[PDB]
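in their complex positions, the first chains:
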Amino acid sequence: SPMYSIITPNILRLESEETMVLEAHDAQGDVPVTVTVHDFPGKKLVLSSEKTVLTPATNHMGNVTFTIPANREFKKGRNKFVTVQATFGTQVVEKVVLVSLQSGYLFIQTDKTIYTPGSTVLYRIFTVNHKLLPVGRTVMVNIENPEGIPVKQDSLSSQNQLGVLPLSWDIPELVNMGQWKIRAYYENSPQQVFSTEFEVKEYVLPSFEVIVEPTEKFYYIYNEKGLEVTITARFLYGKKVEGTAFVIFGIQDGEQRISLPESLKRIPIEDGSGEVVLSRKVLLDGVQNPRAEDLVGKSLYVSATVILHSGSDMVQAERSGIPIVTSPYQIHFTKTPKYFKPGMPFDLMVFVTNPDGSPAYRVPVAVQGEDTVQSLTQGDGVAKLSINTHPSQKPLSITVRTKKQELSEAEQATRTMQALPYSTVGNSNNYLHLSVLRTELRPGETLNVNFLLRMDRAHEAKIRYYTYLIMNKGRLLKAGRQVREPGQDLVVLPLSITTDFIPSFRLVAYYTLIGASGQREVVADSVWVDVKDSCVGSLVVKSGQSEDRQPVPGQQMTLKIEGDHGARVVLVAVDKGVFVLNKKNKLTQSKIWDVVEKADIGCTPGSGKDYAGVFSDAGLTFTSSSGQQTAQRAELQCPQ
Amino acid sequence: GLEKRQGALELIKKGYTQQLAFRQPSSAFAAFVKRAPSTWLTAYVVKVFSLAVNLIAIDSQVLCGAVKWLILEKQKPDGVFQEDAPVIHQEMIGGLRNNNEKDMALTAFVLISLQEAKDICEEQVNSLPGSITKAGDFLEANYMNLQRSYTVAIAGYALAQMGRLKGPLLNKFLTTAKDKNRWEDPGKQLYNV
């Protein structure tokens, strides 16, 4: 009757703090628990060994926090595993867990994006763990030429550096031009290699910027007006630009570019602005295909050369990747769970984007046949569509279309998905549904987690609590219990959102009982919640002086920097001309959270085909003493 | 499948426990408790159990007792082992079945089982090295009068563990391999493997 269960992340990382939650449901008294982690399969060393007690005051639920040292015992190469062994009294529950070699994260920041032969590249390597907290480890750095050959190795230490490692590499005078790379990796994890590029080239600053901006972010193939483009030229110090611009158009097909010589135009740049139209006739005449439908799927690129009236500076700029499309939108189901609970409300996270991939704001979407279920995309281009599922085992097929008014039906975007029934233990029709209002969540608020139960009433009184777990950045952030009274179908969990939930977290909750043929049954459900991407703390740089005072060459200025107490701030001032030449590989905050999310162990928006699939797909391994456990995971990478 | 290894271990434990039931008071082994103890079977239990110490809990008294048994009883003064109670299953011995060079082959087999359990049974059994040396003496002396590829192979490995396989002996071990890659002899293929 008593059931001991352990949950551990799908993949365990080295030198990272990992939590393990221990439960002894339907038990009395104190239960001594000793958790030991051994290597697989030899068990030569005891990587961890902690102890705890499950008391009735804690509802027989505890956790074990352990950090596995990066021992010299682990061996491309074969994948490594560990044996997790939890001992409750007499009973022992073991699970074989996959191990990732990633020690944490390395971020490289170069002062500039492009460099002249002879100059020095100043770069900082930030060394953190999976919690983004500064650590002191040994890092291997490789300088790599455009050809690919490493030309300078080094092994330094991050200790006593507050997670910031200042380095430099001198560029020889005689050097090969092109895209160079810096490759760093932790000493303990030579398989996790982080990279940043910087171009090496002979150049001079253009002293001004040219902006090629199309009216629309795309080109409708049946628009007789053609592609109207506005040219905006301005000096690097703000003032507008007077001059002449040579604009020419081209059609891009994959990697094959075909210039359109007939579309070449010379226009005056007056007051820093000019306009030039590519006529549809010239476009069709330029390509040797009368059938305009074939141009759909291809893109357009525009090249503009602006010359000042003084004739002392010239800037060429380009805007490529302008898709020739037949619809202003594009529907994706990459954020909607692919499993539903028959009879319970099914939530869809429609992701409507512009042809260039950017989110689309205020776009009407609806389900075919259900005009009542018509929602509007938010600022992130994500809309929520709640439907009512009928209790059935039929595959739920959904087709979502855009209902943007003032847009014809031929140009409306459409996409079709399918969801499968959540198979239950012994066809008992016991389902759990966690629902959350889909809206940009920010640190410092509170989210109401609605636990909704559906099962027969013959065993509904036995369910007295739910076990909920939170997954953030690939590690167990928080676990607890939710008391539920007999008769209540819906209970509300006030979950306090702090800074530890950035950028997103998964909430997987489950309940257990003894039902049907006296069988031990587990029913689970998970949901993915996004949070407003931002810094954990804050860092703002603003003017530390009067804004009547104008900056003058050489003049002292006061810089107001406001951030977290004790934090080490590293600075860099870059001329905007550099970014006019190359604006790639620039370190932003959005890119940091991007890397974190790509090292996530979850692979689905939510739920699964069974109670084990919910844990496995949400990056968790459940293993009970009675035998109910999740299947093994032998894949570091998610399934395609 | 990572999970299957646990059950695979359970079977080995089970087998070991089941084998303890046939351990005669002389620390030997036979098909039945009443049946006379077999030489080859006791030596084979040593073999398997010596290779299994790294997997499950093997008792030293059992393994080392069997070794001390084979030396004091089933060992002739020349030094060669004699099977005084042949095993009932003659198909579980492989190349020693109907073998004419039984003395040389059986010696090599038991000797190899001893050298695999040396590092484990060196403190309790004090007579082990001298017996290994005695077995080794007979194999060295009549190694060159071998004909069967199997006996040349098994006695070659019995002598290579000591480093006593040199000269004409090492030459015979290398030249008996036809096509330089297999020690083959007319008969069942399992014997050649």
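Structure received. Numbers count the residues shown, from 1 in each chain, chains lettered A, B, ... in the order given.

care to break chain A down by domain?
Per CATH domains of a matching chain, the structural domains of chain A span A:1-104+A:599-630, A:105-205, A:206-327, A:328-429, A:430-534, A:535-598.

need those domains in a markdown table (columns: mean neighbour count).
C-beta here means a position set from N, CA and C on the backbone, and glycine is covered the same way. What follows is the domains of chain A, written out as a markdown table (neighbours: other C-beta atoms under 10 Å in any protein chain shown):
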| stretch | mean neighbour count |
| --- | --- |
| domain A:1-104+A:599-630 | 18 |
| domain A:105-205 | 16 |
| domain A:206-327 | 16 |
| domain A:328-429 | 16 |
| domain A:430-534 | 18 |
| domain A:535-598 | 11 |
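
can you list the ones you listed in a markdown table and add distance to residue B:73?
Shown next, in a markdown table, are the domains of chain A (distance: least, C-beta to C-beta, whole Å):
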| stretch | distance to residue B:73 |
| --- | --- |
| domain A:1-104+A:599-630 | 37 |
| domain A:105-205 | 56 |
| domain A:206-327 | 83 |
| domain A:328-429 | 61 |
| domain A:430-534 | 56 |
| domain A:535-598 | 69 |
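
now for the residue in chain B positioned nearest to chain A: which residues touch it?
Scanning chain B for the residue nearest chain A gives residue B:2, at 4.0 Å (criterion: C-beta to the nearest C-beta). By C-beta atoms under 8 Å, 6 or more residues apart in numbering or on different chains, the contact list for residue B:2 reads A:40, A:81, A:96, A:632, A:634.

excluding chain neighbours, what is closest to the first one?
Ranked by C-beta to C-beta, 6 or more residues apart in numbering or on different chains and with sequence neighbours excluded, the top spatial neighbour of residue A:40 is residue A:81, at 3.9 Å.

the one you found against residue A:94, yeah?
No. Using C-beta atoms under 8 Å, residue A:81 makes no contact with residue A:94, being 11.9 Å away.

quick one on the thing from earlier: quick one: which of the contacts of residue B:2 sit in helices?
Assigned to helices by DSSP state H, none of the contacts of residue B:2 qualify.

from these, pick the one nearest chain B.
residue A:96 (4.0 Å).

which parts of chain B sit against chain A?
Contacts of chain B with chain A, taken as C-beta under 8 Å from any C-beta of the partner chain, map to B:1, B:2, B:3, B:5, B:6.

make it 6 Å
Contacts of chain B with chain A, taken as C-beta under 6 Å from any C-beta of the partner chain, map to B:2, B:3, B:5.

next, the last one: phi, psi?
Note on residue B:5: its backbone torsions stand at phi -60, psi -30 [degrees, to the nearest 10].

which positions in chain A make contact with chain B?
Residues of chain A lying near chain B (C-beta under 6 Å from any C-beta): A:41, A:81, A:96, A:632.

what are the boundaries of the helices in chain A?
Under DSSP H, chain A gives helices at A:280-286, A:576-581, A:589-598, A:611-617.

let's have the ones you listed in CSV, adding distance to residue B:125.
Formatted as CSV, these follow (distance: least, C-beta to C-beta, whole Å):
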stretch, distance to residue B:125
helix A:280-286, 95
helix A:576-581, 80
helix A:589-598, 60
helix A:611-617, 52
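
drop chain C onto that structure:
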Amino acid sequence: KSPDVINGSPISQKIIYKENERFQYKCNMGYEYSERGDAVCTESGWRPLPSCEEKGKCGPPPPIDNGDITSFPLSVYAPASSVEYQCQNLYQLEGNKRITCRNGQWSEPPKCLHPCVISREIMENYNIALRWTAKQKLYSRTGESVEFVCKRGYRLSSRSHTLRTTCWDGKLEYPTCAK
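Below is chain C, added to the chains above:
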């Protein structure tokens, strides 16, 4: 060093261990081994930690030649303890088989008597055959009485030893037949 196993007592008597040396141990009453039952000395220390789970004294006895004791050897023997010896096959034990521990010293241990060869070169040089039909074998345990006869055409000389000879600790008197 020699590990201190909790709820158990070591089997091996060695205190200092080099690399890869195995350390045998047994668990006390009410306990049994957990996974590995022995410990191996590696660079980082003992790989298998010796663990046990829930279910005037004399020294070691002196070794003898071509023999061994019947029980398993211990580091220390309580007073009035006694072990026995036994020789190899076709060997003969001579003396008191059992030794006793008295006042930190043992009693006198026995020895083992060597059997004899029935050499084929000696049989052909003396012109004698076994006369009890045989390919070989039937070898002279210390005290056994062998017999031979001459070949067809030879006779025992004037002072040739008897055809029925007894081996005594690796010494055998072969008969001789001349003419």
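
chain C added, so what about the contacts of residue B:2 now?
A:81, A:96, A:632 (C-beta atoms under 6 Å, 6 or more residues apart in numbering or on different chains).

can you tell me the residue of chain B closest to chain C?
residue B:57 (3.6 Å).

correction: the stretch 1-150 of chain A
For the stretch 1-150 of chain A, C-beta to the nearest C-beta, closest residue to chain C: residue A:44, 4.7 Å.

can you pull the phi/psi pair for the closest residue to that residue other than its chain neighbours?
Among residues not flanking residue A:44 along the chain, residue C:47 sits closest, at 4.7 Å (C-beta to C-beta, 6+ apart). For residue C:47, the backbone dihedrals (degrees, to the nearest 10) come out as phi -70, psi -60.

and residue C:47, how far from residue A:85?
17 Å (C-beta to C-beta, to the nearest Å).

what of residue A:292?
67 Å.

so who does the residue of the stretch 101-250 of chain A found nearest chain C touch?
Ranked by C-beta to the nearest C-beta, the top residue of the stretch 101-250 of chain A for proximity to chain C is residue A:188, at 16.5 Å. Residue A:188 is in contact with A:70, A:103, counting by C-beta under 6 Å, 6+ apart.

shouldn't the residue of chain B closest to chain C be in contact with residue C:31?
No. Using C-beta atoms under 6 Å, residue B:57 is not in contact with residue C:31, being 11.8 Å away.

neighbours of residue C:175, how many?
21 (other C-beta atoms under 10 Å in any protein chain shown).

isn't residue A:319 up against residue A:210?
No. Using C-beta under 6 Å, residue A:319 is not in contact with residue A:210, being 9.9 Å away.

what's across from residue 128 in the sheet?
Since you didn't name a chain, this refers to chain A. Going by DSSP bridges, residue A:128 is paired in beta bridges with residue A:105, residue A:134.

chain C is the one I meant
Under the criterion used (DSSP bridges), residue C:128 bridges to residue C:150.

repeat that for residue C:24.
With DSSP bridges as the rule, residue C:24 is bridged to residue C:38.

roughly how far does it sit from residue B:20?
18 Å.

how about the strands in chain B?
With DSSP state E as the criterion, chain B has strands at B:23-24, B:28-29.

gap between the last one and the chain center?
What that stands for is strand B:28-29. 14 Å (C-alpha atoms, centre = their mean, to the nearest Å).

close to chain B: what parts of chain C are there?
So far as C-beta under 6 Å from any C-beta goes, chain C lies against chain B at C:11-12, C:22, C:24, C:33, C:37, C:63, C:68, C:72-73, C:86, C:88-90, C:115.

residue A:306 reaches residue A:314, doesn't it?
No. Assessed by C-beta under 6 Å, residue A:306 is found out of contact with residue A:314, at 7.2 Å.

how about the residues of chain B by chain C?
B:57, B:60-61, B:68, B:72-73, B:75, B:77, B:119-120, B:123-124, B:126-127.

let's see it at 7 Å
Remark: the part of chain B in contact with chain C comprises B:53, B:57-58, B:60-61, B:68, B:71-73, B:75-77, B:119-120, B:123-127, using C-beta under 7 Å from any C-beta of the partner chain.
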